[PDB]
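Read the single chain below, which is given as structure tokens and is the form deposited in one PDB entry.
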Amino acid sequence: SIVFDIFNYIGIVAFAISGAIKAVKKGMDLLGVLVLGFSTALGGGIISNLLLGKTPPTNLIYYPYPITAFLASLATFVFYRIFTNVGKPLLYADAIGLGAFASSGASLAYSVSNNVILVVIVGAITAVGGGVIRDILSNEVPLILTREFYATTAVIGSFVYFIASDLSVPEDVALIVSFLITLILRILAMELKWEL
């Protein structure tokens, strides 16, 4: 479906931006920024692929995905190399990626089996997995532990995808509703200071 394909690109771009921003804040230079953005963008899909027995992983064979990760990370580096003082919305980029991958990752797991536990947990791991790798490599406690509603919101997003698909909702709509609920939940938590 077109929405599934689009969400893959949105998630790759968003997580690449979040990883490249993290590296910029850490003081890394161009190539180190590319490494962290590339890893954050593709890590969730790779981990998800391994859990589902899909080898080699799509992110390592389908050329547009790693090319998109590379270009997004490079664009982020160049942007903040010029505009050093403008805001760096790491959590906003991460949140958009969380919604794109909780939905598309739940979709991939649901195609493997109708098991609600597999769909909800693999979907959530797809969503958070790139940011977990980013935080581990950065040598800091990850968001899934420091942000009280973060991992659960990914779980909720993959669960609403499962429920929608279970009710025969068309795949394009089930993905959009899952993405929107995940993103909205994150915006409320961030804007209403639920995690403080």
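Under this definition, the rigid core comprises the largest set of C-alpha atoms superposing within 1.5 Å between the forms. All residue numbers are counted from 1 along the displayed sequence.
There is another form of this protein, the form deposited in another entry, and it is not shown here; the text below is about that form.
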| item | value |
| --- | --- |
| Core fit, then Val160 C-alpha moves 2 Å or more between the shown form and the other one | no |
| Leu74 C-alpha moves between the shown form and the other one by 2 Å or more, core aligned | yes |
| Large Cα shift (2 Å or above) at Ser138 between the shown form and the other one, core-fitted | yes |
| In the other form, shift in Cα separation for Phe7 relative to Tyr110, 3 Å or more | farther |
| Distance trend in the other form - C-alpha atoms of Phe79 and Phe179, change of 3 Å or more | farther |
